[PDB]
Structures are given as structure tokens and as C-alpha cells.
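Residue numbers (the numbering used here), protein chains in the order written: chain S, 1 to 65; chain Y, 66 to 97; chain G, 98 to 539. The C-beta atom is built at its ideal place from N, Cα and C for all residues, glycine as well. Notes for the one structure printed next.
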RNA sequence: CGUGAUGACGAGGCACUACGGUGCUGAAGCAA
RNA sequence: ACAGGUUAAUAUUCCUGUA
RNA sequence: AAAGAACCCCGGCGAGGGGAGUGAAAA
RNA sequence: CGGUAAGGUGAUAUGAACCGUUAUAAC
């Protein structure tokens, strides 16, 4: 029983911290955007590399199927 | 670590893979 | 005693204690990446050029691509890991890894099973009617190639894992999703065009651009998580003299938020992956234990209630269906998450050492930094949630990410975005370790 | 002396543990 | 303004019970 | 003119020192 | 209020953050 209570409390106590941790720039007129940048940049490379390989080979397969 | 009594150098797996490709890449396509 | 005999027969990868330059870890990774994409271009040798649509549900978490030399993809490896966490998780086979024994036991063992699940899935796939023509002869041939391709990955993972950057799996998944996006949106039968063309044709189709939006939205949402972050610390200390400066100050931060529940959720989604597969499989090959599929996927049964709704647009026409899934996923997430504890996870024990040195100590000077050295409980406490939180937090964001639905896979995009960032970090911790040949633990 | 207090504390046990130590419980608890 | 209790370090100052 | 000696070695992640470089010169 | 100006936010004092390059930078 108690176990559930503590678990429920921890979640609340955490939600409180999230309130204190923000000010800065919520988080910063450069931070957030960063993640999206690096993240998108990375996905672009992996995605782009896949496109090269991928699509050319498909053209040939169709044109010789 | 690993209890793999055998040791395999990556250069192989890579080349072994270039194998699967060539085989089926021709085993399938290039019909006839 | 253990399955050590055949276990010792299962090859491994030669790890050189030599100099593996950043440039080389990089160039290595890349070679793996391509052999992957490439294998995803090659169809499996099979006369029956006719295949029954596809399983729009397994590909994403599996990083596979049905009909190709990797039609099974990471699927096995994940399955395997799933069981282990299940056994070694529900205590069923209690193990205290600590010792290099249990550690290398849990591992080596799982690895094997991965090859077991490698073939099983193969057979199960064809047996689920993934290709249409069950020519016992031809069927056999296929299975061969199939599971053998997945094998190559298992070893390609090993390579990356000890010769390059990031992780095979992690990579692979991100590899697939990214492509699935760039191609789906811009490739041959690309959507951006189908939409663009539809505009020119004069009959603006909101259904061609839709899915593309779905993906932006998902990205922005799943990303919003990798934004927050404390800041941070800090430490202090000086009195340098060790024979060269030593001013001492104290590291900073922070780190970010999310990722932990990475491997966990990868397993939850993967569980469902082996259900829709295992149900259809044990459908057109037996009794409707799990559910009545028909039409390819499932339209009733455990299977039905446990099939992710995404693809193009969110389905409202079945509220209850939504509710269950969500809750179903949520809990499954909590599970594997807990099973990740009994095993291992973002641990304070480890952060202790390293958050108790940043500064000095030493003899020369009086640089402070008491920290620290007995004040860890402050982490395990503030910690718990961080990773999480979870089965509903991480599992929720993922699930809801699917209702919304997006290209590549709402959930897939998620993992990807994370994997990609944890992959950026990897590229930095490296760009630096390529200077001071020592601090390979700070 | 009542009450404060069918409360607390409390020898000792059932637990984890880094080995600084920490939780659950709990007898008697009066008189000359 | 007393008796318990508590901090690595405070104490008829903090917590409790009772003034 | 700080270019105030990267990096390597002994030594107690010392003291001190030996190389290596900076420098017209480290006489 | 006047001069002056591509440079500045006194020193040990670096860094950090900023202010200015044309007439409310600074002196």
C-alpha cells in the first residue's frame, strides 16, 4: 500500500521542481532550438544518405523489372 | 568481456556482407 | 554450469587495444550505415514477385523493410533482449550481474537467443504469409536469406559497437526512420510532390501533404523534451601548484532530459511488434488464440486492441480502442522500465565518483570541494523520475505521438530524435577525448 | 497527585546496507 | 519557559507536549 | 616581444630534475 | 552643456557577458 503513496508523492515532488527550474530562458533563446537543430541536422544526414542509395537503386530495379 | 573462444576481425564480417550482397544482388536480379 | 560450449562457439569481434582515431571510428560507422541502406535496396531471391502488401507496424521498431535482405531487421535482437529482461526481470531467474560472470552470462546468453530468434522470426514471418507463395522449397530458401541478413546486422552492430560511434541498433533505427522520411516525402512516389502536383493539377489534396505535417508536429513535440535542462552545479577550489597552475574551479552542466526510457520503450513497442506478428502467424497457421486478422492485419482480439492506430491520420471512430492501447502501452512501459532497474540504468552509483573530484583535493593549496564523498542520496532521490516517467510519460508521448500519426512512425521519430541526439553527444565526447589521452571516464 | 500521555521513549528483535550507518516493530516501565 | 527530541556543527532559540 | 617552456621521462597524480620545443640568447 | 572619437565596460585581471564604429560607446 504505502508503496503506491510514496510513488504518487515522488511524482508530485518532481512536478514542483519543474516549476523552479525554468526562469533562465524557458529555457533559453538558444537552448531548445539547439536540440531541434542538432536533432534535425542528424536525421537529415541519415535520411539524406538513405535517399541517395535507396532511390537510385529503385529507379534501376523498376527500369529492369 | 566475452566467453567467445573464437575471435573475428571486423574486416571479415564486412567482406562477408559484401558477399551476401553480390550473391543475391545477382542471384535475384540480372535474371538469365 | 551453463550453455558455455556452443556459447564459446559463437564468434565475436576482435577488439584492438590499439589507436582507434576519431576519424576512424567515424569512417567505420559510415561503412556500416551504407551496407545497411544497401541491404535495404536488395530484394530477397524469390520468383513470386507478388507479395501481400506489407506489415505497416513492424518495420519501424525493427528497422527492417519487408521484402529485402533485411526484412527481419533488428526485430530478433530486440525480441531476444525482450525475453531476457522478462526472465532476468521478474526474478524468474534471479541474477546478480556484478561479477563479470552474470554480466557476461546475461549477455553471451542473450546473444545466442538472438540467433535463435533470428531464425524463428524468419520462419514465423513466411509462416505469417509475408510473401504469399509457401512453396516448401522456395519457402525454405527465403527463410535462409532472411534470418542470415539479420545475422549480418547482429555482427555489424558488434562492429560499430567496437569500431565506430554510437550504436548499431540505435543507429539502424534512426537510419531507417530518417530515410523513410526523406524518401516518403521527397523520393520517387514522394508525398511532397504528390501534393505539389495535386496543386498544379488543380485539385488540392489535403491528404498528400497531411502526413508530412504529421511528421513536423511530432518532431516539434518529441523534441520539446530535449529542450529543458538545469544549470547548474557547481564546484570550486584553487591553490594550484602541483607544478603547473591548478587554479581549480569546478565543472558545470547540465545534461538535458529524456533518453533513459530509450531502450525500455524500444522493447515495449517491440513487444507489440511480436504480438501482431505472432497472432497473424498463429492465425493463418492454427487457431485464433490472439485474434482474427483478415485483411492482412487484425480486426479483433488481443491483437486488435493492441495495434497502433497511426499511419496517415488519427482514428476517432473507435475511442475505446484508443483508451486500451494507451493504457496497455503505458503499463508495458512501466514493466520493461522496472525490469531495467533489476538490471541496470542511469545510476547515482557511478555519478558518485566523478561528482566528488571536479576541483582538486590534493596537497597543494586548500581548494574546496567537500561535496560530496557521502552525499549521494541527493541523486537517487532527485533521480528516479528523470529517466522515466514514463511507461505513461515516455510510453504516453510515444503512443499519443502515434494517434497524431506521422511519417516514419510517430514513435519511430521519437526514438530517432533521441538516438540522433545521444549520437551527437557521442560525437562530441569523442571530438574531445581526441585531445587529452586519459580522461576517458570523466 | 491528576492530566498532559490508549502519546513518546524504550532492552531486544525482523531488514537493507556504502559500512558513516540507516527502516518495521516493541516487553516491563512499579514500590521501599 | 519548562521537560523531552533533533544537527557533522545551533539550542530554556529549531520540532513536540505542556506553560 | 611572453613567445612564461605543448609533449615525453624519473618522482608521492609531490619537491626537484632530465629531454623536447620558444627565444638572438634559458651562459 | 562643450571637446573628442573607433573603439570601449578603472587596477592586480584574466575570462564572462555586453556597449559602440556618423551626430547619447567610452574618455
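- Contact between the stretch 504 to 519 of chain G and the stretch 268 to 276 of chain G is present, with at least three C-beta pairs closer than 8 Å.
- The CB of residue 57 of chain S comes closer than 7 Å to the CB of 138 in chain G, given here in chain order.
- Burial check for residue 474 of chain G: the Cβ neighbour count within 10 Å stays below 16, so the residue is exposed.
- Residue 218 of chain G is outside the set of residues whose beta carbon lies under 9 Å from a beta carbon in chain S.
- Chain order gives the chain G residues near residue 27 of chain S as 324, 325 and 326, where near means a beta carbon separation below 7 Å.
- Between residue 338 of chain G and residue 251 of chain G the beta-carbon gap is near 53 Å, outside 8 Å, which marks them as no contact.
- Between residue 324 of chain G and residue 31 of chain S, the CB-CB gap stays under 9 Å.
- Within the same chain, and ignoring the five residues on either side of residue 443 of chain G in sequence, the residues whose Cβ sits closer than 6 Å to its Cβ are 357 and 484.
- In the assembly as shown, residue 181 of chain G is a buried residue. Its beta-carbon has 16 or more other beta-carbons within 10 Å.
- Closer than 9 Å to the CB of residue 537 of chain G there is not a single CB belonging to chain Y.
- Within a 10 Å sphere around the beta-carbon of residue 433 of chain G sit 16 or more other beta-carbons, which makes this residue buried.
- Residue pairing by DSSP places residue 140 of chain G opposite G/165 in a beta bridge.
- Chain G has no Cβ within less than 9 Å of the Cβ of residue 16 of chain S.
- Residues of the stretch 71 to 91 of chain Y that bring their beta carbon within less than 7 Å of a beta carbon in chain G comprise 71, 72, 73, 74, 75, 78, 79, 82, 85, 86, 89 and 90, in sequence order.
- Scanning chain S for C-beta atoms nearer than 9 Å to the C-beta of residue 276 of chain G yields 46, 47, 48, 49, 50, 51, 53 and 54, reported in chain order.
- Within its own chain, the residues whose Cβ lies closer than 8 Å to the Cβ of residue 423 of chain G, once the five positions on either side in sequence are excluded, are 493, 496 and 497, listed in chain order.
- Contact between residue 158 of chain G and residue 370 of chain G holds, with the beta-carbon distance rounding to 5 Å and staying under 8 Å.
- Against chain G, the beta carbon of residue 97 of chain Y has no neighbour under 8 Å; the closest one sits roughly 13 Å away.
- Setting aside the 5 residues that flank it on each side, residue 192 of chain G is surrounded in the same chain by 185, 199, 202 and 203, each with a C-beta closer than 8 Å to its C-beta; the list follows chain order.
- Per DSSP, reduced to three states, the secondary structure at residue 110 of chain G is strand.
- Put simply, the backbone Cα of residue 67 of chain Y is about 8 Å away from that of residue 109 of chain G.
- Here the stretch 468 to 482 of chain G does not lie against the stretch 280 to 289 of chain G, with fewer than 3 beta-carbon pairs under 8 Å apart.
- Taking 9 Å as the cut-off, the Cβ atoms of residue 217 of chain G and residue 173 of chain G count as close.
- Residues of chain Y whose Cβ lies closer than 8 Å to the Cβ of residue 205 of chain G are, in chain order, 67, 68 and 69.
- Going by DSSP, residue 359 of chain G is part of the alpha helix (DSSP H) stretching over 359 to 378.
- Contact between the stretch 114 to 126 of chain G and the stretch 162 to 169 of chain G is absent, with fewer than three C-beta pairs closer than 8 Å.
- With respect to chain S, the C-beta atom of residue 308 of chain G has no partner C-beta closer than 9 Å.
- A Cβ-Cβ contact shorter than 9 Å links residue 139 of chain G with residue 89 of chain Y.
- Separation of residue 132 of chain G and residue 82 of chain Y (C-alpha to C-alpha, rounded to the nearest whole angstrom) is 8 Å.
- For residue 223 of chain G, the nearest beta carbon of chain Y is not closer than 9 Å to its own beta carbon.
- Excluding the 5 residues flanking it on each side, residue 259 of chain G has same chain C-beta neighbours closer than 7 Å at 110 and 112, in chain order.
- Shown here for residue 514 of chain G: same chain residues with a beta carbon closer than 8 Å to its own, the five before and five after excluded, namely 316, 319, 320 and 323 in chain order.
- Residue range 31 to 63 is occupied by the alpha helix (DSSP H) that includes residue 52 of chain S.
- Residue 520 of chain G has a beta carbon lying within less than 9 Å of a beta carbon in chain S.
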